[PDB]
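Visitor: Could you have a look at this structure, given as C-alpha cells, before my questions?
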There are 2 protein chains.
Amino acid sequence: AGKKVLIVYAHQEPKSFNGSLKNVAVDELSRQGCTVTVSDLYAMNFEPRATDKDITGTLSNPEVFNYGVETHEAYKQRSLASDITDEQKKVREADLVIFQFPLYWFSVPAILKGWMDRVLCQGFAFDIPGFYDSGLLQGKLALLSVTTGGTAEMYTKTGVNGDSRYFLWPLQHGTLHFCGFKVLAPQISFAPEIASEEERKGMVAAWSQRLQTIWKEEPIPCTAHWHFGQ
Amino acid sequence: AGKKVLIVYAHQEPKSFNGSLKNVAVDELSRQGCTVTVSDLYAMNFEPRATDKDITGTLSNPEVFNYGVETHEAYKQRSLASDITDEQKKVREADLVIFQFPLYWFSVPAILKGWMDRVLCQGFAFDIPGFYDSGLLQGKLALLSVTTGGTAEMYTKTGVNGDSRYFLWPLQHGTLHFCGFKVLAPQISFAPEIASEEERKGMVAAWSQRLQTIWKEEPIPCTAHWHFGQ
Ligand SMILES: Cc1cc2nc3c(=O)[nH]c(=O)nc-3n(C[C@H](O)[C@H](O)[C@H](O)COP(=O)(O)OP(=O)(O)OC[C@H]3O[C@@H](n4cnc5c(N)ncnc54)[C@H](O)[C@@H]3O)c2cc1C
Ligand SMILES: Cc1cc2nc3c(=O)[nH]c(=O)nc-3n(C[C@H](O)[C@H](O)[C@H](O)COP(=O)(O)OP(=O)(O)OC[C@H]3O[C@@H](n4cnc5c(N)ncnc54)[C@H](O)[C@@H]3O)c2cc1C
Ligand SMILES: Brc1c(Br)c(Br)c2[nH]cnc2c1Br
Ligand SMILES: Brc1c(Br)c(Br)c2[nH]cnc2c1Br
Ligand SMILES: [Zn+2]
Ligand SMILES: [Zn+2]
C-alpha cells in the first residue's frame with residue numbers, strides 16, 4: 001500500500017540533471033501514492049562538519065572531545081542538535097532512502113558526506129550489536145542514484161577509473177549495509193554533460209521507468225564478491 | 001636537503017590520537033630540517049560545501065550553476081574564494097602532502113572531503129586532458145595516515161569490513177593519483193581506542209620511526225591490482 005520514501009538530495013542547481021532525477025522521483029513516487037520527503041542539503045545549508053556544536057547541553061567529557069562517544073550519549077539522552085534529529089526522524093519514518101548526488105572524487109559531495117557522518121550516529125544507525133545484516137536500520141531499503149562526469153567506458157575493470165562497483169564499496173557496504181540497510185542496485189547515470197537529449201531523456205526515463213517497479217526489486221548481495229569479483 | 005611538507009589534519013581534539021600522530025610528524029619532519037605547514041581544518045572552521053560562494057567573479061553561466069565549470073573558469077581568472085587559493089598555495093609549494101584523519105564511514109571526515117572537493121579544482125589539480133599520470137600535481141608525493149575504530153583483523157579480506165586497501169581506492173586512486181600524486185604506502189593505525197597504553201605509544205613511535213626514512217621510500221603502484229588483488 002503506502003511506502004514512505006526519503007530522498008537525500010545534494011546538488012546546488014534546481015535546473016541540473018541531478019535536480020531532474022530528484023524531481024521525476026518525487027513525481028513518480030507521488031503518483032504511486034507513496035509518502036515522499038526531500039532533504040535538499042544545499043538549500044538547507046546543511047552543516048557537514050562533525051563538531052561539539054552537535055551536542056546541546058552538557059558534554060559527557062568536556063576536557064577531551066570524542067565525537068563518537070559524545071554523539072552516542074547525546075542520542076541516548078536526547079541531546080543532539082536539532083538539524084541532526086530532524087534528519088533522524090525522516091530516516092526513522094522512511095522505508096526507502098534514495099541518495100541523489102553527482103560523483104565527487106569517487107564519492108559523495110562533502111555536504112552529503114557530512115549528512116552521513118552526523119545523522120548516522122551510534123544508538124541510531126548502529127550498535128554493538130547491530131551492524132551489517134543486523135544494523136539498527138534493517139527493514140529499510142537504500143539506493144544510490146549517482147551521476148558522473150566520466151563515461152561508462154572509463155568505469156570498467158580495465159578502464160582508467162576501474163569498475164564503478166569499486167567506488168561503491170565505502171558507500172553501499174561500509175556505510176549503508178553497515179547500518180542494516182538492504183541495498184538496491186545503484187542507479188548510475190553516466191556522463192550527462194557530454195550526452196545528447198535523446199540519451200539524457202533516455203537516462204531520466206530509465207530512472208522514472210525503474211521507479212515504477214522499485215518496490216518489486218531484490219536487493220543486491222552487498223558483498224566483497226559483488227563489488228570486486230567476477 | 002630542502003623538502004617541504006603539508007599536513008592536512010582533520011580532528012577536533014588536540015589531545016586525540018590523531019593529534020599526537022600529527023604532532024610527532026611535525027616534531028620529526030621539523031627535526032630533519034624540513035619545511036612544515038599544517039592545515040588544521042576544524043580549527044580553521046574550513047568550509048566543506050561546494051557552493052557558488054566559491055566564485056566571486058561574473059559567472060560563465062549565471063542561469064544554471066555548474067560547480068566544476070564555474071570553479072575551473074574562476075581558477076583561470078583568479079576569482080576563487082581566498083580560502084581555496086590559500087590551500088592551493090600550500091599544495092603547490094609542498095613536496096609531500098600528508099593527510100591525517102580518523103576513518104569516517106570508510107572514508108575521510110566531511111570537512112576533509114570538502115577540502116578535496118574545493119581545493120583540487122580543474123586547472124589547478126588536473127586538466128582534461130591532464131590526469132592520472134598526467135595530473136598537474138605530478139612530481140609530488142601524498143600519504144594517507146588513517147586511524148580506525150576497527151581492528152586490523154576486521155579489515156582483512158575474510159574479515160567483516162574487507163581488506164583495508166579496498167576503502168583506500170577512492171582516495172588514493174580516484175583523488176590523489178588522478179591529480180598526479182605519487183602515493184606512498186598508507187599509514188594505518190588500527191583501533192587505538194581498544195589498544196593498551198603501550199600499544200598506543202608504540203603505534204605513535206612506529207609512525208615517527210617511519211618518518212625518519214620517508215624520503216627514501218618508493219610509491220606504491222596505485223592500480224586496481226594493488227588495491228584489490230588478482
Ligand atoms: C568537485 C568535483 C568532483 C568530481 N569528481 C568526479 C569523479 O570522481 N568522477 C567523475 O566521473 N566525475 C566527477 N565529477 C564530475 C561530476 O560528477 C559531474 O559534473 C556531474 O555528475 C554532472 O551531473 P550534473 O547533475 O551536475 O549535470 P548538469 O550539468 O547539471 O546537467 C547535464 C546536462 O543535462 C541537462 N538536463 C537537465 N535536466 C534535464 C532533463 N530533465 N532532461 C535532459 N537533460 C537535462 C542540463 O541542462 C545539462 O545541460 C566531479 C565534479 C566536481 C565538481
Ligand atoms: C562519524 C564516524 C564515523 C566512523 N566511521 C568508522 C569507520 O567507517 N570505520 C572504522 O573502523 N571506524 C570508524 N569510526 C571510528 C573512528 O575512526 C575512530 O574513533 C578514530 O579512528 C579513533 O581515533 P582518535 O584520534 O579519535 O582516537 P582517540 O580517542 O583520540 O585516541 C584513543 C586513545 O589514544 C590516546 N592517546 C592520544 N595520544 C596518545 C599518545 N601519544 N600515546 C598514547 N595514547 C594516546 C587517547 O587519549 C585515547 O585514549 C567512525 C567514527 C565516527 C565519529
Ligand atoms: Br574521473 C574524474 C572526472 Br571525469 C572528473 Br570531471 C573529475 N572532477 C574532479 N575530480 C574528477 C574525477 Br576522479
Ligand atoms: Br569499527 C566501525 C565501522 Br567498521 C564503521 Br563502518 C563505523 N561507522 C561509525 N563508526 C564505526 C565503527 Br567504530
Ligand atoms: Zn555489504
Ligand atoms: Zn591509482
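By order of appearance in the C-alpha cells: chains A, B, ..., then residues from 1 within every chain, and ligands from 1 in the order shown.
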Can you pull out every residue from chain B that DSSP, working from the backbone, puts in strand (DSSP E or B), and format the result as a PyMOL selection string?
Guide: chain B and resi 4-9+35-40+55+80+96-102+104+107+122+126+141-148+182-183+187-190
Visitor: Based on only C-alpha atoms, which of the residues in chain A come within 7 Å of chain B? I want them as a list in words.
Guide: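 Per the criterion, chain A yields residues 12, 13, 15, 48, 49, 51, 64, 65, 104, 105, 106, 107, 110, 111, 113, 114, 117, 162, 167, 170, 174, 175 and 224 of chain A.
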Visitor: For the residues selected in the previous step, produce a file with N, CA, C and O atoms as a PDB file, in the first residue's frame.
Guide:
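Ended up saving to again.pdb:
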ATOM      1  N   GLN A  12      23.509  21.792  -6.116  1.00  0.00           N
ATOM      2  CA  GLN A  12      23.319  23.224  -5.904  1.00  0.00           C
ATOM      3  C   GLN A  12      22.250  23.861  -6.804  1.00  0.00           C
ATOM      4  O   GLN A  12      21.731  24.929  -6.498  1.00  0.00           O
ATOM      5  N   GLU A  13      21.933  23.196  -7.904  1.00  0.00           N
ATOM      6  CA  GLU A  13      21.192  23.808  -9.003  1.00  0.00           C
ATOM      7  C   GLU A  13      19.912  23.040  -9.344  1.00  0.00           C
ATOM      8  O   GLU A  13      19.969  21.896  -9.764  1.00  0.00           O
ATOM      9  N   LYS A  15      17.924  23.365 -11.799  1.00  0.00           N
ATOM     10  CA  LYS A  15      17.829  23.041 -13.230  1.00  0.00           C
ATOM     11  C   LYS A  15      18.768  21.906 -13.636  1.00  0.00           C
ATOM     12  O   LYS A  15      18.760  21.472 -14.787  1.00  0.00           O
ATOM     13  N   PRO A  48      28.019  20.153   7.359  1.00  0.00           N
ATOM     14  CA  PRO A  48      28.785  18.915   7.122  1.00  0.00           C
ATOM     15  C   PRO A  48      29.796  18.579   8.224  1.00  0.00           C
ATOM     16  O   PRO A  48      30.213  17.429   8.323  1.00  0.00           O
ATOM     17  N   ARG A  49      30.218  19.563   9.010  1.00  0.00           N
ATOM     18  CA  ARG A  49      31.303  19.336   9.963  1.00  0.00           C
ATOM     19  C   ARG A  49      30.828  18.642  11.237  1.00  0.00           C
ATOM     20  O   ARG A  49      29.820  19.028  11.834  1.00  0.00           O
ATOM     21  N   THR A  51      31.211  18.516  14.859  1.00  0.00           N
ATOM     22  CA  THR A  51      31.774  19.337  15.928  1.00  0.00           C
ATOM     23  C   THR A  51      30.982  19.208  17.217  1.00  0.00           C
ATOM     24  O   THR A  51      29.903  18.599  17.247  1.00  0.00           O
ATOM     25  N   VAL A  64      38.226  16.339  27.006  1.00  0.00           N
ATOM     26  CA  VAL A  64      38.729  15.694  25.808  1.00  0.00           C
ATOM     27  C   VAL A  64      37.532  15.338  24.938  1.00  0.00           C
ATOM     28  O   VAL A  64      36.728  14.485  25.312  1.00  0.00           O
ATOM     29  N   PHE A  65      37.400  16.005  23.794  1.00  0.00           N
ATOM     30  CA  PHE A  65      36.233  15.792  22.935  1.00  0.00           C
ATOM     31  C   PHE A  65      36.373  14.561  22.018  1.00  0.00           C
ATOM     32  O   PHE A  65      37.220  14.494  21.124  1.00  0.00           O
ATOM     33  N   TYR A 104      31.633  12.979  -6.679  1.00  0.00           N
ATOM     34  CA  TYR A 104      32.707  13.908  -6.338  1.00  0.00           C
ATOM     35  C   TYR A 104      33.872  13.090  -5.777  1.00  0.00           C
ATOM     36  O   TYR A 104      33.760  12.542  -4.672  1.00  0.00           O
ATOM     37  N   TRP A 105      34.981  13.035  -6.503  1.00  0.00           N
ATOM     38  CA  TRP A 105      36.154  12.262  -6.070  1.00  0.00           C
ATOM     39  C   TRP A 105      35.818  10.817  -5.651  1.00  0.00           C
ATOM     40  O   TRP A 105      36.171  10.361  -4.560  1.00  0.00           O
ATOM     41  N   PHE A 106      35.139  10.105  -6.554  1.00  0.00           N
ATOM     42  CA  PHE A 106      34.781   8.697  -6.357  1.00  0.00           C
ATOM     43  C   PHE A 106      33.923   8.536  -5.119  1.00  0.00           C
ATOM     44  O   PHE A 106      33.898   7.465  -4.500  1.00  0.00           O
ATOM     45  N   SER A 107      33.234   9.600  -4.726  1.00  0.00           N
ATOM     46  CA  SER A 107      32.425   9.525  -3.521  1.00  0.00           C
ATOM     47  C   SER A 107      31.264  10.531  -3.581  1.00  0.00           C
ATOM     48  O   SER A 107      30.922  11.044  -4.655  1.00  0.00           O
ATOM     49  N   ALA A 110      30.912  16.639  -0.209  1.00  0.00           N
ATOM     50  CA  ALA A 110      31.171  16.752   1.218  1.00  0.00           C
ATOM     51  C   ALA A 110      29.908  17.052   2.040  1.00  0.00           C
ATOM     52  O   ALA A 110      29.793  16.596   3.168  1.00  0.00           O
ATOM     53  N   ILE A 111      28.968  17.819   1.494  1.00  0.00           N
ATOM     54  CA  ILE A 111      27.780  18.176   2.262  1.00  0.00           C
ATOM     55  C   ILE A 111      26.984  16.907   2.591  1.00  0.00           C
ATOM     56  O   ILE A 111      26.507  16.719   3.714  1.00  0.00           O
ATOM     57  N   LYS A 113      28.430  13.922   2.616  1.00  0.00           N
ATOM     58  CA  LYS A 113      29.261  13.079   3.474  1.00  0.00           C
ATOM     59  C   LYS A 113      28.977  13.494   4.912  1.00  0.00           C
ATOM     60  O   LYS A 113      28.850  12.651   5.806  1.00  0.00           O
ATOM     61  N   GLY A 114      28.814  14.798   5.110  1.00  0.00           N
ATOM     62  CA  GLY A 114      28.532  15.338   6.427  1.00  0.00           C
ATOM     63  C   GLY A 114      27.190  14.864   6.966  1.00  0.00           C
ATOM     64  O   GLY A 114      27.051  14.623   8.169  1.00  0.00           O
ATOM     65  N   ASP A 117      27.972  11.415   8.171  1.00  0.00           N
ATOM     66  CA  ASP A 117      28.794  11.498   9.386  1.00  0.00           C
ATOM     67  C   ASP A 117      27.988  11.864  10.623  1.00  0.00           C
ATOM     68  O   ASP A 117      28.193  11.282  11.705  1.00  0.00           O
ATOM     69  N   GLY A 162      38.649   2.167 -13.172  1.00  0.00           N
ATOM     70  CA  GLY A 162      38.230   0.921 -12.575  1.00  0.00           C
ATOM     71  C   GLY A 162      36.717   0.799 -12.630  1.00  0.00           C
ATOM     72  O   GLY A 162      36.026   1.729 -13.042  1.00  0.00           O
ATOM     73  N   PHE A 167      34.115   1.995  -6.411  1.00  0.00           N
ATOM     74  CA  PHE A 167      33.934   3.188  -5.571  1.00  0.00           C
ATOM     75  C   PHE A 167      32.639   3.098  -4.762  1.00  0.00           C
ATOM     76  O   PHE A 167      32.479   3.789  -3.749  1.00  0.00           O
ATOM     77  N   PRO A 170      32.666   1.800  -0.208  1.00  0.00           N
ATOM     78  CA  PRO A 170      32.555   2.545   1.056  1.00  0.00           C
ATOM     79  C   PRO A 170      31.129   3.057   1.349  1.00  0.00           C
ATOM     80  O   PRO A 170      30.744   3.192   2.521  1.00  0.00           O
ATOM     81  N   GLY A 174      30.352  -0.104   3.434  1.00  0.00           N
ATOM     82  CA  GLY A 174      30.906   0.496   4.642  1.00  0.00           C
ATOM     83  C   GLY A 174      29.915   1.386   5.393  1.00  0.00           C
ATOM     84  O   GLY A 174      30.008   1.563   6.599  1.00  0.00           O
ATOM     85  N   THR A 175      28.954   1.955   4.676  1.00  0.00           N
ATOM     86  CA  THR A 175      28.028   2.897   5.306  1.00  0.00           C
ATOM     87  C   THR A 175      26.606   2.340   5.387  1.00  0.00           C
ATOM     88  O   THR A 175      26.089   2.151   6.482  1.00  0.00           O
ATOM     89  N   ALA A 224      31.781  -8.297  -0.682  1.00  0.00           N
ATOM     90  CA  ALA A 224      33.056  -8.080  -1.345  1.00  0.00           C
ATOM     91  C   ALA A 224      33.008  -8.674  -2.748  1.00  0.00           C
ATOM     92  O   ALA A 224      33.427  -8.043  -3.724  1.00  0.00           O
TER      93      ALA A 224
END
Visitor: Any idea what the distance is between atom 49 (O, counted along the ligand's line) of ligand 2 and CA of residue 172 in chain B?
Guide: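 Atom 49 (O, counted along the ligand's line) of ligand 2 sits 28.4 Å away from CA of residue 172 in chain B.
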Visitor: Rank B:71, B:37, B:100, B:58 by their smallest atom-to-atom distance to ligand 3, using only C-alpha atoms and all ligand atoms, and report the top residue only.
Guide: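 Once distances to ligand 3 are computed over only C-alpha atoms and all ligand atoms, the minimum belongs to B:71.
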Visitor: Near residue 186 in chain A, counting only C-alpha atoms, which residues have an atom at most 6 Å away, once you skip same-chain residues fewer than 3 positions from it, shown as number ranges by chain?
Guide: A: 143-145
